[PDB]
Amino acid sequence: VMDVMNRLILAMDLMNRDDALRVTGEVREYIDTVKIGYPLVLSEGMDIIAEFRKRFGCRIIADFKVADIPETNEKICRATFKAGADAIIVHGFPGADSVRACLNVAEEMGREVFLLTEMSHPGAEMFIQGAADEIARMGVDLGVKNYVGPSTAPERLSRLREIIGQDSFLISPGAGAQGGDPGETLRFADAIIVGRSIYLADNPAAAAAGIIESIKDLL
Amino acid sequence: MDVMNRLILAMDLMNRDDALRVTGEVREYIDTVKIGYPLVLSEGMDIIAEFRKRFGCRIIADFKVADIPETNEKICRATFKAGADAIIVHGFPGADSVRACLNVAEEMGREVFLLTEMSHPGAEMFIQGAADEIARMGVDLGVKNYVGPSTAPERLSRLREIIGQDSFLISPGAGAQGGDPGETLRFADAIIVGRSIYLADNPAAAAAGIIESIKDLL
Ligand SMILES: O=c1cc(O)n([C@@H]2O[C@H](COP(=O)(O)O)[C@@H](O)[C@H]2O)c(=O)[nH]1
Ligand SMILES: O=c1cc(O)n([C@@H]2O[C@H](COP(=O)(O)O)[C@@H](O)[C@H]2O)c(=O)[nH]1
């Protein structure tokens, strides 16, 4: 499994190239894994992945929540890996064929798929929560090894870890700004994803170091 | 929304030169183009302004927005800054995520399309069972624009029943995926068509032919 420094993944959702680069550079000593999503990619282009790889010693997870038909999923993954992303995040709710399309490209291209099985925000309760156990089990059946589950619902996160087993790799957003607790989350997740708590802080470095100190015994 | 010939081109080619050439070849038949991540992630968001400059077409950004509300807001803002007229959003992540998109669209004078049910076989596993409830959620939220599948006309008809005749409904899956243009337009306002046109030996003749086959529905 990828070796995530300090069990901490920066969610770089600033939409300005200069700011994203400044903040990411400032926390570089604490984090070697960066999640880049559409807020930044749609603002600055896929070349932002190239610039991050040039500037920092960071793994790149493309948080694109892939959610299309299999044929379109295939193209999205091909474009994303071509640009230099190490991994891509895909939704499981569109079903098994859509997930397998992504797995097949990642296999061909030598990269990784993460499966998002359940989400951290209130709206996740309406439709996703009820499908989550089955989406997770479908992931296991398809051979998915990397997963995403919510920091804001420890009870649900614990169940996800059960389903996927101790050998699978699990990352979790929702600590900090959304109210999730880093320590409790790391009881089940391999790494926490953290965005605003860090990138909106007056001192992103101090904020990152503070999170890390709070979980020191877990490293 | 007034779509020429009830036909929306899904431009999923991933090369700028081919995308522009093929769109130019069928321009006389359409005035609405769906641009998705295959083209955008390959060529950049500047392609949206390039299409408007070359064709003056309306642009629907098919980004299947499916994140938390805060991120959805950022995605729509970036998308509309690029010149998109409309954006397609998933309903499965729930109401707050959809409302986030509605807010930005209102702020920038754009439209949100709610994808309530999909066209491919995997849609049966999780989406189909939620689809009616997602459509009702759209109605509750004041959504007026919807997306549903040409490959399942009985499901598309049910979607039309829920949203009413006043809402706008577009539908992918005709052609390559096996849907029928004429049957689909019994329920949808417009059909979305990609491969049947953009992979055809002669895209212009392909578009013309589809239109010929539905000429009585125009
Ligand atoms: O269920 C999920 C899945 C996500 O990818 N995310 C993503 O994780 C990040 C969380 O950032 P933040 O720490 O600012 O709340 C955002 O990029 C968001 O899109 C989430 O918040 N909840
Ligand atoms: O349920 C859906 C929703 C879609 O947006 N689409 C999109 O509609 C287009 C269909 O293209 P095609 O005519 O080549 O099958 C693709 O861009 C696809 O991503 C779909 O096929 N099914």
Side-chain angles (χ1 to χ4, degrees), chain A residues 11 13-15 37-47 62-80 82-83 91-101 116 119-131 134-135 138 173-174 177-178 195-196, chain B residues 10 12-14 36-46 61-79 81-82 90-100 115 118-130 133-134 137 172-173 176-177 194-195:
Chain A
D13 298 317
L14 294 173
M15 302 165 71
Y38 283 136
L40 181 53
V41 158
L42 297 182
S43 296
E44 295 292 354
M46 290 291 273
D47 285 357
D63 182 7
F64 288 178
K65 294 184 182 54
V66 185
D68 219 300
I69 69 168
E71 289 87 348
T72 300
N73 276 14
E74 286 191 19
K75 305 177 171 72
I76 293 174
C77 297
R78 292 187 179 278
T80 295
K82 179 175 173 169
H91 261 298
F93 76 80
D97 59 349
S98 288
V99 179
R100 179 174 56 249
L116 179 60
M119 290 177 82
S120 60
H121 66 299
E125 287 178 0
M126 299 187 62
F127 302 111
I128 288 175
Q129 189 176 111
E134 188 174 357
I135 292 174
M138 172 191 81
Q178 293 180 59
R196 285 165 288 173
Chain B
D12 300 316
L13 294 170
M14 302 165 74
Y37 282 137
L39 176 59
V40 158
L41 299 183
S42 293
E43 296 293 0
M45 289 285 274
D46 289 343
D62 183 7
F63 288 175
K64 283 179 192 63
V65 189
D67 217 302
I68 68 170
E70 287 63 43
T71 298
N72 275 12
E73 180 189 343
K74 291 177 175 190
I75 291 168
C76 301
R77 195 169 301 278
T79 295
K81 283 180 179 283
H90 265 296
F92 206 86
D96 56 353
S97 288
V98 173
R99 175 58 66 189
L115 176 60
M118 292 181 75
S119 60
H120 65 295
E124 287 187 355
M125 292 189 64
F126 307 113
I127 297 183
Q128 189 166 348
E133 188 178 358
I134 293 173
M137 176 192 72
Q177 298 179 56
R195 285 167 290 167

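A note on names: the letters A, B, ... follow the listed sequences, proteins ahead of strands, and every chain is numbered from 1.
- Using a 4.5 Å cut-off between heavy atoms, B:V65 makes no contact with chain A at all.
- Using a 4.5 Å cut-off between heavy atoms, B:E43 does not touch chain A at all.
- With a threshold of 4.5 angstrom between heavy atoms, B:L115 does not approach chain A through any atom at all.
- Ring centroid separation for the pair B:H90 and A:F93 comes in under the 6.0 Å cut-off.
- Per-residue heavy-atom pair counts under 4.5 Å with chain B were compared for A:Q178, A:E125, A:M119, and the maximum is reached by A:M119.
- Taking every heavy atom of both residues into account, A:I128 and B:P93 meet most closely at CD1-CA, 3.8 Å.
- In plain terms, the two heavy atoms of A:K65 and B:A66 that are nearest each other are CD-O, 3.3 Å.
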Could you give me the CA-CA distance, side-chain angles and deciding distance for B:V40 and A:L42, then say whether side-chain contact (heavy atoms from CB on, under 4.5 Å) is met? CA-CA 9 Å; B:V40 158; A:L42 297 182; 4.2 Å; yes

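- Contacts between B:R195 and chain A at a heavy-atom distance below 4.5 Å involve the side chain alone, from C-beta outward.
- Neither the backbone nor the side chain of A:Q129 comes within less than 4.5 Å of any heavy atom of chain B.
- Taking all atoms of both residues into account, the shortest heavy-atom contact from B:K74 to A:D13 is NZ-O, 3.0 Å.
- Checked against a 6.0 Å centroid threshold, the rings of B:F126 and A:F127 do not count as neighbours.
- Between chain B and the residues A:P173, A:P122, A:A83, the largest count of heavy-atom pairs under 4.5 Å involves A:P122.
- Proximity to chain A (any heavy atom under 4.5 Å) is shown, for B:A95, by both the backbone and the side chain.
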